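Everything below concerns the one structure shown next.
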Amino acid sequence: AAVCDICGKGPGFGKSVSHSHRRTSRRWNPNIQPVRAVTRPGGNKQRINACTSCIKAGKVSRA
Amino acid sequence: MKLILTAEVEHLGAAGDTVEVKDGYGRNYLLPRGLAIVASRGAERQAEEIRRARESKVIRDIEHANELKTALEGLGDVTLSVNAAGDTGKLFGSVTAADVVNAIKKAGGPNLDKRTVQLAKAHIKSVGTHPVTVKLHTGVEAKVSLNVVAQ
RNA sequence: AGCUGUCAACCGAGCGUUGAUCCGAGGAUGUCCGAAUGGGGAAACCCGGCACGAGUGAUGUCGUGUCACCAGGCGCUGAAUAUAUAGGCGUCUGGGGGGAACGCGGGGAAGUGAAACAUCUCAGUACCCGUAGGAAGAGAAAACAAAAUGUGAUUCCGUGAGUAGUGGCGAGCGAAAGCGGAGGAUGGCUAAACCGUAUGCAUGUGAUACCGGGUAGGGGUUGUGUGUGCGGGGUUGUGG
RNA sequence: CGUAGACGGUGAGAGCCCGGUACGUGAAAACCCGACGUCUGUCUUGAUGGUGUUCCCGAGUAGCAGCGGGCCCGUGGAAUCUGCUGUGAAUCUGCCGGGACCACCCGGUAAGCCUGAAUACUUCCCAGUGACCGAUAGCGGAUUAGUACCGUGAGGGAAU
RNA sequence: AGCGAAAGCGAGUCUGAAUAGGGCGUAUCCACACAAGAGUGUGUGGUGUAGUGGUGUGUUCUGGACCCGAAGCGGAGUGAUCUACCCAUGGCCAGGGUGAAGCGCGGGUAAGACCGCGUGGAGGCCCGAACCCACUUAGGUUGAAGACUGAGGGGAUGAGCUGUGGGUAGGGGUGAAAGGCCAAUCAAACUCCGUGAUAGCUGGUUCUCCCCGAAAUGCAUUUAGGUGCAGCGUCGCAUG
RNA sequence: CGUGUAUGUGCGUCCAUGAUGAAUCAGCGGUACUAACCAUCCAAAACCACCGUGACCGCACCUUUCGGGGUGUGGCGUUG
RNA sequence: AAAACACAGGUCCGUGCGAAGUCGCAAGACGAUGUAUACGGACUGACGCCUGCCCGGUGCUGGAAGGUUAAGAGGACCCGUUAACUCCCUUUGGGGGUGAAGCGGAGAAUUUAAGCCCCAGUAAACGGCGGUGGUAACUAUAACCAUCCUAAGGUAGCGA
RNA sequence: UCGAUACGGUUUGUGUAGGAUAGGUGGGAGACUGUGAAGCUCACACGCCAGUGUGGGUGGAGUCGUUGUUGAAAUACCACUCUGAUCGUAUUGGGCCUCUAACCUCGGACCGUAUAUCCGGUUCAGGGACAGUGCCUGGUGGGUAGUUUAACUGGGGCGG
RNA sequence: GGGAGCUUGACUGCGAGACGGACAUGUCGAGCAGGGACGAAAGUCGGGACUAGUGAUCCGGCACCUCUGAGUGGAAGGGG
């Protein structure tokens, strides 16, 4: 789970750098959690994967 | 999260009381269960919140109140106004559960909520005593009927 | 005025001034396979679902259409659960795949060099992925410069300069400002109160009450915009 | 003869034999590029310039950290630009940028956009060029050429 | 126009409290003087200093860099039609033997245990063809054959053999484990690409003649068959 | 495997002939649902007893000269 | 082609069950349509008599109170610039000391993890498994004299 | 359960002589009581070997007047309450028990769905605010990877 | 070489002409302010009788400096 289904946040790519300065490719994954989002106030909770940024920004609705 | 309550909650306030509670609490318990609303605008979260609190307190149903309200809804025919064509009848708009609820209130009397009427099930596309059902309780239907006239 | 393409001859047939063969532009047909797409499949080969010609005493056959899956729009329908929905049905519109280079965005080596080697280099290379277009990305400064009534979007060339720097300060790496040029083209919207409006709540007490004014009245924008859409009367600094 | 002496062909060095060449002319159709009118929108439902006082001037944003990427800049005193994670501001006495902070001073009004030309390339088509190769050369390929042949395959791959 | 690290100063400048000396500069050269013989200085006066663009040539830098040559490394793919193992579904195993368990009958057993007799026809049972193997031997050893042949030899109802269709794929598979097998290659397959890898190493480097003409030493070296500099060669200038 | 024909049996209905209708208005038992009752059931609060000694101290040491440790002489946090 | 591998049998360890283990980034799969009398792993290797001592080193399994111990919003103090205070010259302005609000640095006290240190287990875990020399230790010999060192000293059995 | 921040109800201060616990400096020194200061068995408990703190019943017109200097003159009275045991709120913290709503469940039942051990919606039942991975962080880490493991040397190694 | 007196010539700061010198390290210091004494005048000293007792560069520390300070003022940083 590295892509947000709302904003499309993909994982960034970079290097993990050691004390000896060996740089080894690693991934900054988004913090996306399984959220049972409620599209309409009705109540049917459809499961999706949303980044914590969207959860904090209120683009998810766990109604 | 700054939000004004719509009902009474413990140490969170009362209906209309503003409080800041953390995002998880608001987002998962309050906004879902309808016990509060985020204060986008102070005047809004005040007046809309108060209206919602009163409306819930007035539209609450009960076990025996369920059958009593079924009896009350078994009164007559309600009527709604929406613009149609010259003869086609293709309504310019479309009935809503809110429309049906308010029409029932203003004509018949009985107070109730949007989680009563089966509006789509009662396709209401033209005019006349198109019937609708208010699901008063777990299994208490009510074929309240609803005429349609020009707006 | 010869032609029936060529290897590529041999014929036997023929065509052509009434205009052939030849050239150019439109069309028509365009088997089967291939994104291949009715289903299947070992590609080009196997099996199927309306109306017509048949093929009759009839089944059997072949001709034409059409029939994949996806998204998106629009109509119905609205399971389990009740307004209400995932989904299902029907119809339109697209997508799919290929292509040598160039573009953009991502992923990203190692040989190699460092006379070893890991930092580093190789190199953001090769390769890989996603995607375009005829070009693409960037583009109309909350910029750059420094006290000059300085320039005034971006891009691309030459310089600045192998300089300043950077660097196990090793191997190496290496700008920018400024300047000279190619080109020139400093358009529109989002905010505000609302003009107006359209539409999703709550009913107070259906009067706040509206054309902005005063001055007649009922039951009016019900009245209150918090939520959006829309033509703005709307819209850059020493301010709209 | 020459506004034609480009180049080729023709039985051997052809301006004058031939296709041509200089120079002229030729589109029914189709396509492209232009204008010319319908047509489309807007402005006219108006243009002018000055005063003083509230709201507006793009938010999960800027900013701040923790880890990275990029810049001459290899983490360095490290600005500016950026990804992921948290934390998270005000709207003009605001906010950034001047490689950290100022009586400062200058640049001005980001967090939403579209924008031609100058630019890169040539699968393909057209017309040409060569102090290019001339059959072991030049394309692997002047012939059958990605053919024959080899390999299960990816692929390799001629000779004439 | 240099000196210095710049406020910088400038034919001077840096160092220095110290006109103390030095460093680096004021092209060069000539005359005059003043000086001191510490190797010559100081001023003064004369002529006025020569770069920079092409371009040839030799070296050199970055590139493949004079040419050929590794084992190997990386990226992306191709291979389980050979082989390893496994999965589905089939097939085969001439002939003989031995004779298990059970199941009956008789002795003994208080009765059982047990012992004989019959039936029974079990076994990774025995002998032995097909089949599958590959122990010994001779031959082949520019073979008939890139692993075979002839004689013998092991298994041969099983952990058997085998057909067909499948699956596992490279730092991976499979392995009754030999580092074995993975398409005649396996201590990391193969093809293409990075790529003309890199190699202080080996080899090769093509016409002529005239002049000169070495070195195999020193020092240093992750150095000792390499290299830097010196030494020694040559060609230009200058001194002679 | 399909078409036409003829007959043989062959059997539909408006019909005909047969089986059944099979539930209603009253009115009972069984699920026994409303609440409550029984059989079983595992517990919280208070409650006691113990192993045990997270707290305490010395009391004895093979002895540090007992003078550091640890177990019994013990009331304890029954702290687990 | 064997003495090697395997083998049936053993023992240890792991595993409470989309187990452990393995292929996978993940989903999922196998394990197994199984269930601790089952699986996976390690070693040994029918069967018979047996597998003696040692937990010191290193693994593993538990944890004894401490100490060490990153990542944080624990942020004293200190440092930059300055509204401003003081004084010197000097007076159409620069020289010292003090310096709030701030914003910008470096940041100490204190602060809790795992691991380590540490205590007990574990040898069918990797691995260990001595002397004395005073005796008649019998001068074929197993014990005995009573001796230092560790954690122990090679026990039965076998042995050119 | 224990923390930290804004104020805070009353004593709490033998300095040295001493009504003798001189409350912090001023107001003080008419400000202090009948529903009610005192000495008191005592309510309530705090010591500097000074006695103390507000008082129910007593008690009743109560203390006081540089009461004598011990400068601060009885804490007998005024502001900040100053060393300071206890303050009650709101903000934010280590930890334990939890209420379920996040999130999780390969536990059940339904429906999409004729087909369905997929998955995903509903619901129930369980976990549960843990776990899961996200960022950052410490440890273990030949499981994998890139590498390095000098030269001289009467060959190399050992030795030097 | 052995003794005493004083003292701190590692003149430190500036430095002679010279010389030892594959490229990367040494000897005198004659002069200058400021010293050391002994002394008395003259006088001598840049650690040692002499040759060993040490390690380039890079990177950073620490002190002082009338050096730079990315718009200006400082500052960070750099430089000597």
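Residue numbers (PDB author numbering), protein chains in the order written: chain Y, 2 to 64; chain H, 1 to 151.
Heads up, the beta-carbon is just placed ideally off N, CA and C, and yes, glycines get one too.
Cβ of residue i less than 7 Å from any chain Y Cβ?
| i | result |
| --- | --- |
| H/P131 | no |
| H/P32 | yes |
Could you tell me the boundaries of the alpha helix (DSSP H) in which residue i lies?
| i | result |
| --- | --- |
| Y/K57 | 53-58 |
Would you please verify whether the beta carbon of residue i is less than 7 Å from any beta carbon of chain H?
| i | result |
| --- | --- |
| Y/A64 | yes |
I'd like the span of the beta strand (DSSP E) that includes residue i, first residue to last.
| i | result |
| --- | --- |
| Y/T25 | 24-29 |
| Y/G15 | 13-18 |
| H/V38 | 36-38 |
| H/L5 | 2-5 |
| Y/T40 | Taken as a continuous stretch (DSSP letters only), Y/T40 belongs to no beta strand (DSSP E), as it is neither H nor E. |
| H/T133 | 130-133 |
| H/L146 | 143-149 |
Can you tell me whether residue i is buried or exposed? The criterion is at least 16 other CB atoms within 10 Å of its CB, across all chains shown.
| i | result |
| --- | --- |
| H/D23 | exposed |
| Y/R24 | exposed |
| Y/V18 | exposed |
| H/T138 | exposed |
| H/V21 | buried |
| H/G26 | buried |
| H/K106 | exposed |
| Y/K10 | buried |
| H/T88 | exposed |
| Y/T40 | exposed |
| H/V117 | buried |
| H/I62 | exposed |
| H/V101 | buried |
query = Which ranges would you report for the beta strand (DSSP E) in the region 53-112 of chain H if only whole runs of at least 3 residues count?
reply = 77-81
request  = Using a Cβ-Cβ cut-off of less than 7 Å, give me the residues of the region 15-43 of chain H that come near chain Y, in sequence order.
outcome  = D23, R27, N28, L31, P32
task = Entirely within the region 8-51 of chain H and at least 3 residues each: give me those beta strand (DSSP E) ranges in chain order.
result = 18-20, 36-38
Residues from the region 14-44 of chain Y in contact with chain H, defined by Cβ distance under 7 Å = none
request  = Compile a chain-ordered list of the residues in the region 50-63 of chain Y whose CB is closer than 7 Å to at least one CB of chain H.
outcome  = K57, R63
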